[PDB]
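The listed protein sequences correspond, in order, to chains LR, LC, Lb, LM, Lc and Lf.
PDB author numbering puts the first residue of the first sequence at 2, with every later residue one more than the last.
PDB author numbering puts the first residue of the second sequence at 54, with every later residue one more than the last.
PDB author numbering puts the first residue of the third sequence at 2, with every later residue one more than the last.
PDB author numbering puts the first residue of the fourth sequence at 28, with every later residue one more than the last.
PDB author numbering puts the first residue of the fifth sequence at 5, with every later residue one more than the last.
PDB author numbering puts the first residue of the sixth sequence at 6, with every later residue one more than the last.
Even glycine gets a Cβ: it sits at the ideal position worked out from N, Cα and C.
Take a look at the structure set out below.
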Amino acid sequence: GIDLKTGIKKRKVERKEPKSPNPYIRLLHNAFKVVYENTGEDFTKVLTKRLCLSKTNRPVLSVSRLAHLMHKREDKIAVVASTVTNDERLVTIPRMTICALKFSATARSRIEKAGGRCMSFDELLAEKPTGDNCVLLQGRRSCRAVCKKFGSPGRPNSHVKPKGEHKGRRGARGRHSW
Amino acid sequence: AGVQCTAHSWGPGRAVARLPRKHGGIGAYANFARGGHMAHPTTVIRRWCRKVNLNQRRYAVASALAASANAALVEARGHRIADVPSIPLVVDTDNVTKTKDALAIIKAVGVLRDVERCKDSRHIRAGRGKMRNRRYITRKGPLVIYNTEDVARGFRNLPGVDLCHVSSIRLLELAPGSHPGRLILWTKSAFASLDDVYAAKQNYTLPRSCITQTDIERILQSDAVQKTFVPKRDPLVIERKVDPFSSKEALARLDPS
Amino acid sequence: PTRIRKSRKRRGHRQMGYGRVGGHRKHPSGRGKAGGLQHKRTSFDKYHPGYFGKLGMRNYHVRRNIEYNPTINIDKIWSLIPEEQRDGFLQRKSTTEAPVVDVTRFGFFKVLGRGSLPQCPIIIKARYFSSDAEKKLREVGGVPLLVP
Amino acid sequence: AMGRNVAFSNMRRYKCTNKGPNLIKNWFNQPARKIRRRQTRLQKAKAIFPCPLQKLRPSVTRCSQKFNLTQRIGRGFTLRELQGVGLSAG
Amino acid sequence: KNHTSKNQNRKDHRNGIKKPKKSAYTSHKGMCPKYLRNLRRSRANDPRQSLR
Amino acid sequence: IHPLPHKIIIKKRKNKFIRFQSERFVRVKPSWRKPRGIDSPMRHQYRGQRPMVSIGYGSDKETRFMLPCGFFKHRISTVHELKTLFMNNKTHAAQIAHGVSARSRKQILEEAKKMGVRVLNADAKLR
RNA sequence: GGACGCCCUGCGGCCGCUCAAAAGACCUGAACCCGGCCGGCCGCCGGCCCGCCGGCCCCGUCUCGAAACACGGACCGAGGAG
RNA sequence: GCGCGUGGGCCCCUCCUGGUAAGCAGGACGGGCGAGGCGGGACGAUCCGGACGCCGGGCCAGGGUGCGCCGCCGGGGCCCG
RNA sequence: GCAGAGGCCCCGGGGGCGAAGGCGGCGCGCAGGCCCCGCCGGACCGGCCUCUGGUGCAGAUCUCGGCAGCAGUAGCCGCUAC
């Protein structure tokens, strides 16, 4: 018998392949992996894992966030691994080159009117496979309503809202009401 | 069912199992009892129908139509299309009211072998399906789509031939067995009106075209990616262990002197 | 599908995932959310603050339409303006013929000031306005007007 | 799921499942209902061919502050409205 | 058994003995209010200042 | 009719794995079922208990699924399937299905002889 | 739906008859179980020419712990429980 | 993040407590059994070694080496198990 | 592995030149199991992909049906008798 239970702490689960039935997402993941194997560019190491992420892990990035993020770097091509969406709140979108997995129709029209080019992952692989003049941007993962309720509400230091309506005095009106 | 009879448990002291028993002492009212209810009776309150979003349903019929125009998918689906001269097949067929007229048009555009594959395939199926009004199974053949033409009477009794109007293209007809790839004989009117039916969807834009596996392969062989590719460091040599002292040649590698 | 369910993978295992020491038994902890202040008190305290008790005034009948208060932030007022009109309005600035938005027609009774408004002077009509709404609109040169 | 953080159900417990008034509506009759209602309309249309199937009904502001601006069909024209067009109720 | 502490220290050391996490050491919980107000006043000036 | 040379085929266990206590009771069939009793001598694999099915008994990947002749097996029901399935392989051999009638098994054998495809059940329905 | 002959005190039997076939009061005809005849002397696992050597407690079950002098189980087929 | 089982334990060491004691009733560091095959202590859920894919060769723990029953002889001392 | 549904099975899947089932013997798979051959049988039956579930039994003093050893055993002992 060998003691393999000491300084060894189990194995971790990391998604090495996209669970997406979509043929397109699998075609890009395999391509970006082939580039990563031949040239270990870290931009491609992240893109390969950003295509394997879940919908919840891959949050939406609006053209308003992208304008703020690319404020000092208009020349650089934003690379988003999710959906680019319009923000009706921003009246004027700046010209920007954005590459995404999907652009909303309202967003796509706005970027083109601005003079920016909406690229696609296949186009990015053809022009800049290693990721030169490109920034890997991400939306806010913990923006989901589900994330806000995670935790034990009713614990003193929890600071989280309860899941149901509840509507009663005990436990809510301060530490003393418990 | 199974709760019509009157059965109550005999109880302890009778040297019998406690299951509910009839006045005779015959076991009753149990899943394991002959003449007994099902443990969980089949119920009509099951949700037989599922729901699909209109966009997703429209996406599936658009993709099935695209698969029809791919020659490889149609042959893979098992249709005989070698004789057919172009995919998609569009024919200026006037109002055909006679099966014999329809057979002649289908012989002259090469669809005859598919019509004969389905005629010679009629068999009595296996299982209790026969008893359930599903006795005969035939292969699926070409799908006629028509607009402003009376082509239905001519092709209706042809075996394996199914007909549809361009306004109500049905997915089950387009993808038999969930497999897309239907040989579709379009009439000139039907094909011409296909771009008008898609406009009639008040607010639907056809999904935007994407790359194929072949396109991805071509990019992976393109000069830009090859220029980025860097050669890897040479691998390590594992070499299975041998006793060094066993031979002088073995000893030399570890100790040259 | 029944065929892809875990229950069909527990055939041959006897207890079926419920335990040899304590098997599946009919309602072991009681029916429903019972025992909330007694044996399940720990769960109600750790996850349900405010389940027990009475909190505030009770309206025997709430008028839902009377308590309907739809609201609009100053950031989205210009989106109500159609895109073709919006670009022209913004470019020309203009006080002689400034754009006029009646948020009540678009379905909103009160204006609020969450974001920022473009410099173009715009007349906004609503049944109520926040303090920030009025300040941000006035600074842009727009007029906060009430609507009958 | 099993307790932990869950929202309490507002589902009322089923009644008269085993016996009593049938409290289960089933909509297998919904496809056939559309055909039957259509057939009734087609027969009525034939009975009074020139006469339209629907009577003229007034435009009414939808009730409440929520629907004030919008208009909808109502039951009938007021006698004052039919005094303006110069008609009579009959 | 009314009470047993056996196995409890094997369970604790199986994946446990965990550090209290960072941001707990530098937490301002229980720090004097007057000091915290002074910190905020000092921070809101020049390079440290984060307002427009 | 002669396959690729191949290597020695080692079967880890010559005899079949039998269910525990299948011998004592007719009701217990010999088909292998995993012992799952609280006090099962076969679950505990005590000394002298019958051997337990394990992946370790698995045959070499190179000689797995290989018939004693040295050719793997392909099930044929019609002449088209022989022509398509046995497309110039020297690894696999044909075996006509039990259902195929004698009349058809002559025309399946003839095409096979022309294609030089070994048929394992050549002497079947022969009269 | 059983020709004829042969027999039987008779019962009934034997030959065969009809049929594609007895399929003969009825399609297929499993297991348990049993009678004839032939072969052995024997449970399971392993080794070998094969009756010797070695190993082997009765499962399911609650249980700290069951071969238990704990409980259920003669046998076999069908039905039988997220 | 979501959940399952569990919440009757028992035993060897070590210090324990009550009791005349107990294969008794309660504590406790660690380990074991539970849920660890296997060889040995004749037998033995826990003891001594050793913790298990399927095999072939070699080494050898613990326990032993008259015969059952695989494997031992040499030397010194005692000598009614 | 089971039972049904939608497809496929290049001249349109396998069948009275013998289907399913049953019985004996191989082979293949670590195994669930599969496959072939012979014999009985006498009309239906699948492989693959997608789909659906009243989908797999050794136990429940399990239900129902057969039926064993006990066993040619216990017994066939009232009212006088032929």
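Where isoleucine 269 of chain LC is concerned, the enclosing alpha helix (DSSP H) starts and stops at 266-273. When the alpha-carbon of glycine 20 of chain Lc is set against those of Lc/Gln12, Lc/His7, Lc/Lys26, the nearest one is in Lc/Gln12. Residues of the segment 30-41 of chain Lb with a C-beta less than 7 angstroms from any C-beta of chain LR: none at all. DSSP places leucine 125 of chain Lf outside both helix and strand once states are collapsed to three, so it counts as coil.
Our two residues, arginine 187 of chain LC and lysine 193 of chain LC, have alpha carbons roughly 16 angstroms apart in a direct line. Sixteen is the threshold: when 16 or more other Cβ atoms of the shown chains lie within 10 Å of the Cβ of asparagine 32 of chain LM, as they do, the residue is buried. In this structure, LC/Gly64 is the residue among LC/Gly64, LC/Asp136, LC/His90, LC/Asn84 with its C-alpha nearest to the C-alpha of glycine 78 of chain LC. Contact annotation: in the segment 56-71 of chain Lb, residues whose CB is within less than 9 angstroms of a CB in chain LR are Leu56, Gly57.
Boundaries of the beta strand (DSSP E) harbouring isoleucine 100 of chain LM: 98-100, taken from the DSSP string. Interface flag for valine 36 of chain LR against chain LC is set, since a Cβ pair is found closer than 9 angstroms. With a cutoff of 9 angstroms on beta-carbon distance, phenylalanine 110 of chain Lb and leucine 81 of chain Lb are scored as not near each other.
For the pair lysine 151 of chain LC and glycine 207 of chain LC, the Cα-to-Cα distance works out to about 5 angstroms. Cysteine 171 of chain LC sits buried, since 16 or more C-beta atoms from the chains shown fall within 10 Å of its C-beta. With respect to chain Lb, the C-beta atom of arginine 118 of chain LR has no partner C-beta closer than 9 angstroms. Relative to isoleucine 99 of chain LR, the option among LR/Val47, LR/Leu138, LR/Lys73 whose CA is nearest is LR/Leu138. Within the segment 77-91 of chain Lb, those residues whose Cβ lies closer than 8 angstroms to any Cβ of chain LR are, in chain order, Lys77, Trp79, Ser80, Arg87, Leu91.
In this structure, the alpha-carbon of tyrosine 82 of chain LC lies about 19 angstroms from that of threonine 44 of chain LM. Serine 44 of chain Lb sits in a helix when the DSSP states are folded into three classes. Here the segment 29-36 of chain Lf does not lie against the segment 112-130 of chain Lf, with fewer than 3 beta-carbon pairs under 8 angstroms apart. Using a CB distance cut-off of 9 angstroms, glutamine 266 of chain LC counts as an interface residue toward chain LR. Excluding its 5 nearest sequence neighbours in each direction, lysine 103 of chain LR has C-beta neighbours in its own chain below 6 angstroms: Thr84, listed in chain order.
In the structure shown, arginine 80 of chain Lf falls within a strand segment according to DSSP collapsed to helix, strand and coil. Closest in alpha carbon position to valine 141 of chain Lb, among Lb/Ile125, Lb/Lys126, Lb/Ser132, Lb/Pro119, is Lb/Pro119. Beta-bridge analysis with DSSP links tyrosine 129 of chain Lb to Lb/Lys111. The beta carbon of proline 50 of chain Lb sits closer than 9 angstroms to some beta carbon of chain LR. Listed along chain Lb, the residues sitting closer than 7 angstroms to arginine 31 of chain LM by beta-carbon distance are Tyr48.
Close to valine 283 of chain LC, with beta-carbon spacing below 7 angstroms, are these residues of chain LR in chain order: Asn39, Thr40. Minimum Cα-Cα distance from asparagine 70 of chain Lb among the listed residues LM/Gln92, LM/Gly113, LM/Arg99 corresponds to LM/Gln92.
The C-alpha of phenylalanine 45 of chain Lb lies about 8 angstroms from the C-alpha of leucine 38 of chain Lb. Separation of the CB atoms of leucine 227 of chain LC and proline 233 of chain LC is rounded to 7 angstroms, and the pair is thereby assigned contact status at 8 angstroms. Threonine 131 of chain LR is positioned such that its CB atom lies no closer than 9 angstroms to that of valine 64 of chain LR. Just measuring C-alpha positions, the residue of LM/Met29, LM/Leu69, LM/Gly111 sitting nearest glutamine 81 of chain LM is LM/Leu69. Between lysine 34 of chain LR and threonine 49 of chain LR, the C-beta spacing is below 9 angstroms. Counting of Cβ neighbours within 10 angstroms places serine 132 of chain Lb among the exposed residues, the total staying below 16. In the DSSP assignment, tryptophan 239 of chain LC forms a beta bridge with LC/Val143, LC/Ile198. DSSP places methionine 120 of chain LR inside the beta strand (DSSP E), whose first and last residues are 119-121.
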